[PDB]
Every structure is written in C-alpha cells, then in structure tokens.
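One-letter residues, chain by chain:
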Amino acid sequence: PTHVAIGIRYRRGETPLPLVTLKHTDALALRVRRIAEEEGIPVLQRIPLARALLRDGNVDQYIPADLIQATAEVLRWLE
Amino acid sequence: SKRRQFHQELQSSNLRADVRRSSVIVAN
C-alpha cells in the first residue's frame, strides 16, 4: 500500500463527526499531497490511522467509531 | 442501490476540488 492519502473534513457546526473526503493510494496519493501543499491543506503523517482509514473509512461518510480517538488526535495536533 | 452512493459521490469535478474540501490529509 506504498502510499496512502486520506482526506478528512471537520468544520465545527457543519459536521457532527469528521468526514472522509477522499481516499487515494500510490500515485494519486502523492498527487493529493502535492495539491494539498498548493491549497494550504495540512498533510499529517499518521501511519496506523492512515492504514485503518484506508481499510474502514468510506468517502463522504463519517469516520468509523473505532477511529474517533485517532482522528481527534490529528485535529487536536493542529490547534 | 450501491450505485446510488457512487453517483451522488461522483459530483466532484476535480481531484483538487476534493483536496480543497479537506481540513487535513492523513498520510502514511
């Protein structure tokens, strides 16, 4: 799964839960990261979460309950 | 059907569009 890029959205008030916006691997995952630089979107490395998100997370749906803890940490780190 | 979510989801013109929707990208 060499490269992984999961997009997460949470704007407090619009989303009750963080919601997956995109899931990409390999070349598209790298394309996502380069676009994210150009758009001012922070790219955080969270390997166990990224792997889990890849497997469990579904685009345009809220994050799994199992990944609420780990997703909070990501957002929390950026505060 | 299972196709309905996909169609609904496929109202996104750009990869950049989806990246811009995002608050944060989680990578490995």
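Structure determination for this PDB entry was carried out by X-ray crystallography, with a resolution of 2.90 Å recorded in the header.

Identification of chain A as Translocation protein in type III secretion from Pseudomonas aeruginosa is taken from the PDB entry. Within the Protein Data Bank, this record goes by the title "crystal structure of the PscU C-terminal domain".

Before going further, it helps to examine unusual backbone geometry. All names here are of chain A. Of note in the backbone geometry, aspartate 26 takes a positive phi value of approximately 60° without being a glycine. Considering the arrangement of structural elements, one finds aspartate 26 in helix α1 (residues 26–39). Here the phi dihedral of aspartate 60 falls at roughly 65°; this positive angle occurs in a residue that is not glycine. Tracing the backbone through its elements, the reader meets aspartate 60 in the loop between α2 (47–56) and α3 (68–78). Residue classification places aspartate 60 among the partly exposed residues on the basis of a relative accessible area of 36%.

Here is what the cut-offs are and how they apply
Residues numbered from 1 in each chain as written, not as in the entry; some residues may be left out. Chains lettered and ligands numbered in written order. Heavy atoms only, no water. Helix = DSSP H or I, 4+ residues; strand = E, 2+ residues; numbered from the N terminus. Buried < 20%, exposed > 50% of the residue type's maximum accessible area, 1.4 Å probe, protein only.

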